[PDB]
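Worksheet for the structure shown next.
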Amino acid sequence: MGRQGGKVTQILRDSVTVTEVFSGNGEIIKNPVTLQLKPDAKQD
Amino acid sequence: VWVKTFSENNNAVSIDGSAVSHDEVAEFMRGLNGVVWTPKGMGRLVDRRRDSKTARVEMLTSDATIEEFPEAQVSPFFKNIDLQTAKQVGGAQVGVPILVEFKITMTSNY
Amino acid sequence: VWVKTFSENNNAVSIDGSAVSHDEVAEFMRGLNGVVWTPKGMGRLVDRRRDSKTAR
Amino acid sequence: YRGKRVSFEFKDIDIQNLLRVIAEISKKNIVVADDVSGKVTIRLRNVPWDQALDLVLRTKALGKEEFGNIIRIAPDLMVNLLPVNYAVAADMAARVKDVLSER
Amino acid sequence: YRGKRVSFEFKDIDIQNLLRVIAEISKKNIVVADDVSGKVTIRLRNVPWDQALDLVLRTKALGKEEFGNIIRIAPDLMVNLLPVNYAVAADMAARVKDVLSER
Amino acid sequence: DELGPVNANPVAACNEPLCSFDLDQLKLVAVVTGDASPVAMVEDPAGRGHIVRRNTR
Amino acid sequence: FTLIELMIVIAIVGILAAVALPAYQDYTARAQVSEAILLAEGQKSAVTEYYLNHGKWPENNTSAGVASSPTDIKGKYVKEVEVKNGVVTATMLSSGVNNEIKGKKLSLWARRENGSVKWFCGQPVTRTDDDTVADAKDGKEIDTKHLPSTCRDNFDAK
């Protein structure tokens, strides 16, 4: 999924771990993000 | 020549103007179109003109909604519905205009 | 000669053009066909032409 | 239909405001239609919100439909929790329904 | 009508998505018609899927017809399993039907 | 020539209300609290309701 | 020159049917409602007995000891009859009825007289407590004009 090609690696009931592809200071590196379920939340 | 008011709606322009005589208004009207208009629809903007509630110059007949058949044509781009009205305003001892006040409504193309 | 707009629907073509006179439009119209048309159906594309909503 | 416990105090406020407020507290992202209703008054204590919501609907307010992430809502009083230590809650239902009538 | 046990949590999702998801888990190959319904919310725990399905149908969703390999489907809440250790389940049916009414 | 085609009138404008009115004019209507953090509800001298929370203005 | 006796008399029977149309159409509806009432009654027995024997109104048909299924107490113009806490409501079918009375209903409810009860008949009502009911205000009530003189009771009739 996603522009960083976020590969599904784990699936829980509340959350989903994926491996994404970010340019860390110029290097292409793995980013191990975990997408939680949708409650109420806000950020900028 | 100069004219008075111009008010559009992205389908038709209802204009308000004046010309020098039965000639320059004829030149202007020829430059557009000439039409046999038929079933006119009455709408709240007409009455807002009778109310004075939408500012304009109430020498003018009203309206801006109808169905048009071509009589004569000069601009392929414009469908004038008709010279809605025309009245030669003389003025007074304080000053002239003498010319022919008029009103036209016209849908363009596309 | 050149013409203006051309818009089709895989059954009919509604065209928009111009010609030199009562002659080349007569040549062009003769080159096609001539018909007594009768019961016309009114459809929402006509009013989209009255609306200006379909460019022509 | 499960949440943190809350106390809802609304003194003459738009249900749209109560709704947004309820989304700003992570009780989903709530969005109304445009013109749902108007203004309401409620005052709750010790009620989880998702309930104080179901309860707000019944006051004046709307019904709720959830897309999942967002929920759409379309067109004092108080709340108190009663513990029932001894009896089952369902055995009260006959008598409690009978007070309400068409109220 | 037999399957692995599962927990279905759907927060505002297209029944077509729940369906596909349910086919991606080897619960047949499921295919809808095109426009079946819309979006639903359910949250189940400890339910075999083929049941969580029958149960999804009754929520909003559709009825199911199986070809054999493929199945066609055409146009929180929660689920909980109650063990009945002592009584037969059918003896409850009179009383349980009587709570539901037209609900 | 432009109306026969497609029409949008973009938002970039003013609309920014309570920073145009004085604080002692505003009246606390209600408060909401739950997992989405606590939020206050406040009334304008123009009778609008607003919702504001810790860190907002 | 002549033939107007055939033309007028065919056109007076035509207008006679138009005048006889609304009369047969409320006489008719008023007739289809008089049955919803008969189907509602005769179930008073079950409900009365249940109340006097237990002191509590029967919660539903099964409690009252009647076709456990509301739909099993239907008729030609009656789509059913449900007992809800001693209140017996009759619903008008959707096929075979007037036009402004289908899917519409009435209710029969009783009141403790102490040692016996008295029955009422009127527009749909809901039971609040063992001795109080209220208008099931919702819009599906059979219009007063279609109800007998014997079934004009109000929620607070005593």
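Residue numbers (the deposited numbering), protein chains in the order written: chain Pf, 116 to 159; chain Ne, 114 to 223; chain Nf, 114 to 169; chain Qe, 477 to 551, 574 to 601; chain Qf, 477 to 551, 574 to 601; chain Pe, 59 to 115; chain Al, 1 to 158. All residues carry an ideal CB built from backbone N, CA and C; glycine is no exception.
Nearest-angstrom Cα separation, counted from residue j out to residue i
{"i": "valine 512/Qf", "j": "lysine 540/Qe", "result": "21 Å"}
{"i": "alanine 71/Pe", "j": "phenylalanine 484/Qf", "result": "46 Å"}
{"i": "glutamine 119/Pf", "j": "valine 508/Qf", "result": "31 Å"}
{"i": "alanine 132/Nf", "j": "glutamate 140/Nf", "result": "10 Å"}
{"i": "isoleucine 15/Al", "j": "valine 33/Al", "result": "28 Å"}
{"i": "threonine 218/Ne", "j": "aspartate 136/Nf", "result": "34 Å"}
{"i": "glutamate 135/Pf", "j": "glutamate 142/Pf", "result": "13 Å"}
{"i": "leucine 152/Pf", "j": "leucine 538/Qe", "result": "26 Å"}
{"i": "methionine 142/Ne", "j": "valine 207/Ne", "result": "31 Å"}
{"i": "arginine 496/Qe", "j": "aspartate 153/Al", "result": "46 Å"}
{"i": "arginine 162/Ne", "j": "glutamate 60/Pe", "result": "26 Å"}
{"i": "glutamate 80/Al", "j": "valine 133/Al", "result": "21 Å"}
{"i": "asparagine 113/Pe", "j": "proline 96/Pe", "result": "11 Å"}
{"i": "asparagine 60/Al", "j": "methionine 99/Pe", "result": "46 Å"}
{"i": "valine 87/Al", "j": "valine 97/Al", "result": "24 Å"}
{"i": "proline 124/Al", "j": "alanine 168/Nf", "result": "60 Å"}
{"i": "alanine 64/Al", "j": "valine 597/Qe", "result": "21 Å"}
{"i": "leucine 580/Qf", "j": "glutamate 600/Qf", "result": "22 Å"}
{"i": "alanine 125/Ne", "j": "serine 221/Ne", "result": "6 Å"}
{"i": "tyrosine 223/Ne", "j": "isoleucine 211/Ne", "result": "37 Å"}
{"i": "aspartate 574/Qf", "j": "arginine 127/Al", "result": "30 Å"}
{"i": "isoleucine 547/Qe", "j": "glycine 130/Nf", "result": "54 Å"}
When the options are compared against residue i, the one with the closest alpha-carbon
{"i": "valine 89/Pe", "options": "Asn505/Qe, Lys515/Qe, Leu520/Qe", "result": "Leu520/Qe"}
{"i": "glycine 544/Qe", "options": "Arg548/Qf, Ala587/Qf, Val516/Qf, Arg478/Qf", "result": "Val516/Qf"}
{"i": "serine 116/Al", "options": "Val125/Al, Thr2/Al, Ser107/Al, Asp131/Al", "result": "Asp131/Al"}
{"i": "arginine 478/Qf", "options": "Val532/Qf, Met576/Qf, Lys504/Qf", "result": "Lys504/Qf"}
{"i": "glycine 514/Qf", "options": "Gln492/Qf, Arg481/Qf, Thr535/Qf", "result": "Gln492/Qf"}
{"i": "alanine 592/Qf", "options": "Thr62/Al, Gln43/Al, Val13/Al, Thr150/Al", "result": "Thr62/Al"}
{"i": "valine 577/Qe", "options": "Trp525/Qe, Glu542/Qe, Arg601/Qe, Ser599/Qe", "result": "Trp525/Qe"}
{"i": "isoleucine 142/Al", "options": "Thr126/Al, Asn99/Al, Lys44/Al", "result": "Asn99/Al"}
{"i": "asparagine 114/Al", "options": "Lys84/Al, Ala11/Al, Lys56/Al, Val97/Al", "result": "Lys56/Al"}
{"i": "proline 148/Al", "options": "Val9/Al, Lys74/Al, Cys121/Al", "result": "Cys121/Al"}
{"i": "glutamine 25/Al", "options": "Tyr51/Al, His146/Al, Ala11/Al, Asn53/Al", "result": "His146/Al"}
{"i": "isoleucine 128/Nf", "options": "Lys153/Nf, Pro152/Nf, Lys117/Nf", "result": "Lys117/Nf"}
{"i": "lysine 74/Al", "options": "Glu41/Al, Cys151/Al, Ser45/Al", "result": "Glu41/Al"}
{"i": "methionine 172/Ne", "options": "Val213/Ne, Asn123/Ne, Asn122/Ne", "result": "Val213/Ne"}
{"i": "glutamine 125/Pf", "options": "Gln158/Pf, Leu150/Pf, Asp155/Pf", "result": "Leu150/Pf"}
{"i": "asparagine 85/Al", "options": "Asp589/Qe, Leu575/Qe, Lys595/Qe", "result": "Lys595/Qe"}
{"i": "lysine 102/Al", "options": "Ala11/Al, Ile10/Al, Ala29/Al", "result": "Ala29/Al"}
{"i": "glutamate 542/Qf", "options": "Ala587/Qf, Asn583/Qf, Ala550/Qf", "result": "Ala550/Qf"}
{"i": "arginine 111/Al", "options": "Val47/Al, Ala31/Al, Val9/Al, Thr144/Al", "result": "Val47/Al"}
{"i": "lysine 216/Ne", "options": "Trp150/Ne, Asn193/Ne, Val209/Ne", "result": "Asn193/Ne"}
The alpha helix (DSSP H) enclosing residue i, as first and last residue numbers
{"i": "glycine 14/Al", "result": "5-40"}
{"i": "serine 95/Al", "result": "Unbroken run through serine 95/Al: none, as it is neither H nor E."}
{"i": "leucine 495/Qe", "result": "491-500"}
{"i": "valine 47/Al", "result": "44-54"}
{"i": "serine 138/Pf", "result": "Premise fails: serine 138/Pf lies in the beta strand (DSSP E), 130-139, not in any alpha helix (DSSP H)."}
Span of the beta strand (DSSP E) around residue i
{"i": "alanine 588/Qf", "result": "Run containing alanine 588/Qf: none in the beta strand (DSSP E); it sits in the alpha helix (DSSP H), 587-598."}
{"i": "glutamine 151/Pf", "result": "149-151"}
{"i": "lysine 84/Al", "result": "78-84"}
{"i": "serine 107/Al", "result": "105-112"}
{"i": "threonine 62/Al", "result": "That residue, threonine 62/Al, is in no beta strand (DSSP E); its alpha helix (DSSP H) goes 61-64."}
{"i": "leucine 147/Al", "result": "Run containing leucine 147/Al: none; DSSP gives neither H nor E here."}
{"i": "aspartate 138/Al", "result": "No beta strand (DSSP E) contains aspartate 138/Al, which DSSP labels as neither H nor E."}
{"i": "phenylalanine 120/Al", "result": "117-122"}
{"i": "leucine 86/Pe", "result": "85-90"}
{"i": "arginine 111/Pe", "result": "107-111"}
beta-carbon residue i near the ligand FAD non-hydrogen atom, thresh 6 Å
{"i": "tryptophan 150/Ne", "result": "No copy of the ligand FAD appears in this structure; indeed no ligand is present at all."}
3 or more residues per run - each beta strand (DSSP E) lying fully within the region 174-202 of chain Ne: 181-186, 192-201
Cβ contact (3+ pairs, closer than 8 Å) linking the region 485-493 of chain Qe and the region 154-166 of chain Nf: With the cut-off at 8 Å, the region 485-493 of chain Qe and the region 154-166 of chain Nf do not touch.
Segment contact flag, the region 131-138 of chain Al with the region 7-22 of chain Al, C-beta cutoff 8 Å, min 3 pairs: Because the criterion of three Cβ pairs below 8 Å is not met, the region 131-138 of chain Al and the region 7-22 of chain Al do not touch.
Alpha helix (DSSP H) runs wholly inside the region 503-541 of chain Qf, at least 4 long, in chain order: 525-535
Three-pair Cβ contact test at 8 Å for the region 97-107 of chain Al versus the region 54-72 of chain Al: no
Whole runs of the alpha helix (DSSP H) within the region 119-182 of chain Ne, excluding any shorter than 4 residues: 137-143, 157-163
Meets three-Cβ-pair contact criterion under 8 Å: the region 495-503 of chain Qf and the region 520-533 of chain Qe: no
Touch test, the region 146-154 of chain Ne against the region 170-189 of chain Ne, Cβ-Cβ under 8 Å, three pairs minimum: yes
Cβ contact (3+ pairs, closer than 8 Å) linking the region 95-113 of chain Pe and the region 3-11 of chain Al: no
Cβ pair count under 8 Å reaching 3, the region 86-99 of chain Al against the region 36-45 of chain Al: yes
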